[PDB]
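First the structure, in the form of structure tokens, and then the observations on it.
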Amino acid sequence: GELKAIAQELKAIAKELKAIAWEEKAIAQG
Amino acid sequence: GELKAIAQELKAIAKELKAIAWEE
Amino acid sequence: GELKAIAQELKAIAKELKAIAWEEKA
Amino acid sequence: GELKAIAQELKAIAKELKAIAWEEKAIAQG
Amino acid sequence: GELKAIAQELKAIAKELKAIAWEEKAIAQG
Amino acid sequence: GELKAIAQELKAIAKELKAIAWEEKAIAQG
């Protein structure tokens, strides 16, 4: 169903945001 | 239906965040 | 309907993220 | 009720992303 | 209800994006 | 239920945005 599809996209979005934070952390260090 | 439309916009959102994560 | 309104705001959000992603960096 | 409240928060989110885009544009142009 | 919980998380999300816009502004002006 | 799952992913998204705001702050300050 579509509510499950929505939850799955939000999970993917959280994962991408986590990756963005991790990359920014490297920039902040350097 | 609108729930499908919502899921499709979230997919577009994930795609652009994936580009942001990747770049630079 | 409010579901349509939600879909329309998410479309606007995708569009702003597309602009953010694809603005050429200095 | 709550679906309207959700729509209103998404509008606020779009507005903040527009501000982010505007400031990144300024970073790019400095 | 969970719809209220969703609205409350979107409010938190808007608040974090406002913080991000302010920090991009600091980068632009810094 | 899936509405709860959606709320939980939005909570994760708020947390990652908080991390991004922190890292942008770190970039702004060197």
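By order in the structure tokens, chains are A, B, ...; within a chain, residues start at 1; ligands start at 1, following the order shown.
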
Quick check: residues of chain F within 12 Å of chain B, only C-alpha atoms, returned as an MDAnalysis selection string. chainID F and resid 6 13 20

Since we have the selection now, will you write its residues out, keeping N, CA and C atoms, as an mmCIF file, in the first residue's frame?
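Result file follows (out.cif):
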```
data_model
loop_
_atom_site.group_PDB
_atom_site.id
_atom_site.type_symbol
_atom_site.label_atom_id
_atom_site.label_comp_id
_atom_site.auth_asym_id
_atom_site.auth_seq_id
_atom_site.Cartn_x
_atom_site.Cartn_y
_atom_site.Cartn_z
ATOM 1 N N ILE F 6 5.578 6.246 9.799
ATOM 2 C CA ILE F 6 5.818 7.544 9.151
ATOM 3 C C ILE F 6 6.290 8.564 10.191
ATOM 4 N N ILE F 13 14.378 12.038 10.548
ATOM 5 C CA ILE F 13 14.700 13.125 9.627
ATOM 6 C C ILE F 13 14.993 14.402 10.412
ATOM 7 N N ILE F 20 22.925 18.170 10.584
ATOM 8 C CA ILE F 20 23.347 18.997 9.474
ATOM 9 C C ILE F 20 23.490 20.448 9.940
#
```

Sorted by chain and rising residue number, list the residues of chain E at most 7 Å from chain F (counting only C-alpha atoms), each with its closest atom pair and distance in Å to one decimal, as a tab-separated table.
```
residue	atom	partner	partner_atom	distance
E:2	CA	F:4	CA	5.9
E:5	CA	F:7	CA	6.3
E:6	CA	F:7	CA	5.0
E:9	CA	F:11	CA	5.8
E:12	CA	F:14	CA	6.2
E:13	CA	F:14	CA	4.9
E:16	CA	F:18	CA	5.7
E:17	CA	F:17	CA	7.0
E:19	CA	F:21	CA	6.0
E:20	CA	F:21	CA	4.8
E:23	CA	F:25	CA	5.5
E:24	CA	F:24	CA	6.9
E:26	CA	F:28	CA	6.0
E:27	CA	F:28	CA	4.7
E:30	CA	F:28	CA	6.9
```

Output, as a compact mmCIF listing (two decimals) with C-alpha atoms, in the first residue's frame, the coordinates of chain D following least-squares superposition onto chain F across all in-order C-alpha pairs.
```
# COMPACT_ATOMS: atom_id res chain seq x y z
CA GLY D 1 0.80 0.65 12.23
CA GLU D 2 1.95 2.69 9.24
CA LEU D 3 1.08 6.20 10.46
CA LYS D 4 3.25 5.53 13.53
CA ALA D 5 6.02 4.23 11.24
CA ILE D 6 5.71 7.49 9.23
CA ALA D 7 5.98 9.58 12.41
CA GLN D 8 9.08 7.59 13.44
CA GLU D 9 10.78 8.19 10.09
CA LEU D 10 10.00 11.93 10.35
CA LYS D 11 11.64 11.93 13.78
CA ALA D 12 14.77 10.33 12.21
CA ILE D 13 14.67 13.00 9.48
CA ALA D 14 14.50 15.79 12.07
CA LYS D 15 17.49 14.27 13.87
CA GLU D 16 19.59 14.16 10.68
CA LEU D 17 18.70 17.76 9.85
CA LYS D 18 19.84 18.74 13.37
CA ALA D 19 23.18 17.02 12.61
CA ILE D 20 23.41 18.91 9.30
CA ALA D 21 22.76 22.21 11.07
CA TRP D 22 25.45 21.38 13.66
CA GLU D 23 28.05 20.63 11.01
CA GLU D 24 27.20 23.74 8.97
CA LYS D 25 27.66 25.74 12.15
CA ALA D 26 31.17 24.18 12.40
CA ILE D 27 31.85 25.08 8.73
CA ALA D 28 30.75 28.70 9.45
CA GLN D 29 33.08 28.83 12.53
CA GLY D 30 36.20 27.54 10.60
```

Residues of chain C within 7 Å of chain D, using only C-alpha atoms, as a ChimeraX atom specification? /C:2,5-6,9,12-13,16,19-20,25-26

Kindly export the residues of the current selection with N, CA and C atoms, as a PDB file, in the first residue's frame.
```
ATOM      1  N   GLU C   2      -7.209  18.426   1.385  1.00  0.00           N
ATOM      2  CA  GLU C   2      -5.969  18.690   2.046  1.00  0.00           C
ATOM      3  C   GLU C   2      -4.904  17.673   1.573  1.00  0.00           C
ATOM      4  N   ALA C   5      -3.403  19.344  -1.260  1.00  0.00           N
ATOM      5  CA  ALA C   5      -2.593  20.443  -0.814  1.00  0.00           C
ATOM      6  C   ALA C   5      -1.221  19.922  -0.344  1.00  0.00           C
ATOM      7  N   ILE C   6      -1.220  18.802   0.366  1.00  0.00           N
ATOM      8  CA  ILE C   6       0.022  18.189   0.864  1.00  0.00           C
ATOM      9  C   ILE C   6       0.888  17.769  -0.339  1.00  0.00           C
ATOM     10  N   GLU C   9       2.474  20.875  -1.833  1.00  0.00           N
ATOM     11  CA  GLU C   9       3.587  21.441  -1.071  1.00  0.00           C
ATOM     12  C   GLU C   9       4.818  20.525  -1.236  1.00  0.00           C
ATOM     13  N   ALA C  12       6.503  21.472  -4.388  1.00  0.00           N
ATOM     14  CA  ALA C  12       7.254  22.696  -4.195  1.00  0.00           C
ATOM     15  C   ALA C  12       8.576  22.404  -3.478  1.00  0.00           C
ATOM     16  N   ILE C  13       8.526  21.508  -2.497  1.00  0.00           N
ATOM     17  CA  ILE C  13       9.730  21.130  -1.729  1.00  0.00           C
ATOM     18  C   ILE C  13      10.733  20.427  -2.672  1.00  0.00           C
ATOM     19  N   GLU C  16      12.455  23.108  -4.785  1.00  0.00           N
ATOM     20  CA  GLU C  16      13.466  23.874  -4.075  1.00  0.00           C
ATOM     21  C   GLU C  16      14.730  23.016  -3.878  1.00  0.00           C
ATOM     22  N   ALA C  19      16.725  22.938  -7.057  1.00  0.00           N
ATOM     23  CA  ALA C  19      17.474  24.212  -7.209  1.00  0.00           C
ATOM     24  C   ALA C  19      18.733  24.189  -6.321  1.00  0.00           C
ATOM     25  N   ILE C  20      18.591  23.707  -5.073  1.00  0.00           N
ATOM     26  CA  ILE C  20      19.710  23.643  -4.173  1.00  0.00           C
ATOM     27  C   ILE C  20      20.789  22.702  -4.737  1.00  0.00           C
ATOM     28  N   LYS C  25      28.438  25.368  -7.733  1.00  0.00           N
ATOM     29  CA  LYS C  25      29.135  25.691  -6.492  1.00  0.00           C
ATOM     30  C   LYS C  25      30.341  26.548  -6.866  1.00  0.00           C
ATOM     31  N   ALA C  26      30.768  27.426  -5.957  1.00  0.00           N
ATOM     32  CA  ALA C  26      31.945  28.308  -6.204  1.00  0.00           C
ATOM     33  C   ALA C  26      33.225  27.485  -6.088  1.00  0.00           C
TER      34      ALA C  26
END
```

For the interface of chain C with chain B (cut-off 9 Å, counting only C-alpha atoms), please tabulate each contacting residue of chain C alongside its nearest pair of atoms and their separation in Å to one decimal, rows sorted by chain and increasing number, as a Markdown table.
```
| residue | atom | partner | partner_atom | distance |
| --- | --- | --- | --- | --- |
| C:3 | CA | B:2 | CA | 6.1 |
| C:4 | CA | B:2 | CA | 5.9 |
| C:6 | CA | B:6 | CA | 7.4 |
| C:7 | CA | B:6 | CA | 5.0 |
| C:8 | CA | B:6 | CA | 8.5 |
| C:10 | CA | B:9 | CA | 5.9 |
| C:11 | CA | B:9 | CA | 5.7 |
| C:13 | CA | B:13 | CA | 7.4 |
| C:14 | CA | B:13 | CA | 4.9 |
| C:15 | CA | B:13 | CA | 8.4 |
| C:17 | CA | B:16 | CA | 6.1 |
| C:18 | CA | B:16 | CA | 5.7 |
| C:20 | CA | B:20 | CA | 8.1 |
| C:21 | CA | B:20 | CA | 5.3 |
| C:22 | CA | B:20 | CA | 8.5 |
| C:25 | CA | B:24 | CA | 8.8 |
```

DSSP-assigned helix (DSSP H, G or I) members of chain C, reported as an NGL selection string: :C and (2-22)
